[PDB]
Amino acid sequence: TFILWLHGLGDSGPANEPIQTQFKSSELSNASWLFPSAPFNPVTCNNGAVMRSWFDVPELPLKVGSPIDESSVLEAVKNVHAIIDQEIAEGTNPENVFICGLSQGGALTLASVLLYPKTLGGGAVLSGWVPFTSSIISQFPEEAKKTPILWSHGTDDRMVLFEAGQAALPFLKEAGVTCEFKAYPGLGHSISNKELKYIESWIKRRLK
C-alpha cells in the first residue's frame, strides 16, 4: 500500500510525516508513506510572498465562487502524477495507491485523482475545495471516475468554508465520481485525530 500525503499552504512534508503515527492499525502497518514538499512559489493571497505552495491561491477564504487558477493546479498535478507513475512503475497496484491532503493539498488530491489515467485506491480530501471549473470534467479519464473520494470537512471552518466542501458533491455527481462526505461538527480548519481514524478505517475498507 502506498499513501501520498499532500500538505497545505506554507507547510512542508517533513512537518506532516507524524500524521502516519496516528494510523496505528495492523492493516496499515506496512504502508509506504510519502510526504513531499511543495516548491517555494509566490502566493497571491499573501501579496506575492514566497512560501511552499502547490499552486497559486488568489483569495481567502475559499468559498463558493472564490477565484482559483487552473494552469497552476495542473503544474502541481503533473508533479503528483510523476510520483504516482513511478510508484506504479515500480510494481505497486494502482488500487493500492491512496492520495490524501489538507486544504491546498486536499484540492490538489482531488485534481490529481480525477485526472489520473487509472483507478486508484482512493482520494481523501481534508478541508479542501474544488480547484477548477466544470470545463475540466470532459478530461477526467474513464478509470479515474471509479476512484472513491472521501471528503472530510469541519462545519466551523472559516478559512475554507464548509460550503466550499459541500459544493464538491454536485461537481462530483456531474463528473460521475462517487464521494462520501464526512462532516465534523464544530471542527475548524485543522485535522483531528478522530478524522484521521475515520480515514484509516475507510482505507482499510477499500483494501478489504
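In case it trips you up, residue 1 is the first one in the sequence shown, and so on.
Engineer: Averaging the C-alpha B factors as listed in the entry, name the stretch that ends up higher: 44-52 or 59-67.
Structural biologist: The deposited B-factors put 59-67 ahead on the C-alpha mean.
Engineer: Output the stretch having the higher mean C-alpha B factor in the entry; the candidates are 114-122 and 90-98.
Structural biologist: Mean CA B-factor is higher for 90-98.
Engineer: When you compare the CA B-factors of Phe35, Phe171, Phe181, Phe140 as listed in the entry, which one comes out on top?
Structural biologist: Across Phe35, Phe171, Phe181, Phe140, the entry lists the biggest C-alpha B-factor for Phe181.
Engineer: Please place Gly188 in the lowest, middle or highest third of its chain by C-alpha B factor as given in the entry.
Structural biologist: CA B-factor rank for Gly188: lowest third.
Engineer: Quick check on the deposited entry: does the C-alpha B-factor of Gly176 sit in the lowest, middle or highest third of its chain?
Structural biologist: Highest third, going by the recorded CA B-factors of the chain.
Engineer: Test of reading the entry: by CA B factor among the chain's modelled residues, which third contains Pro39?
Structural biologist: Bottom third by C-alpha B-factor.
Engineer: What third of the chain does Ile203 rank in for C-alpha temperature factor, lowest, middle or highest?
Structural biologist: It belongs to the middle third of the chain when residues are ordered by C-alpha B-factor.
Engineer: Based on the entry's values, in what third of the chain does the Cα temperature factor of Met159 lie: lowest, middle or highest?
Structural biologist: Middle third.
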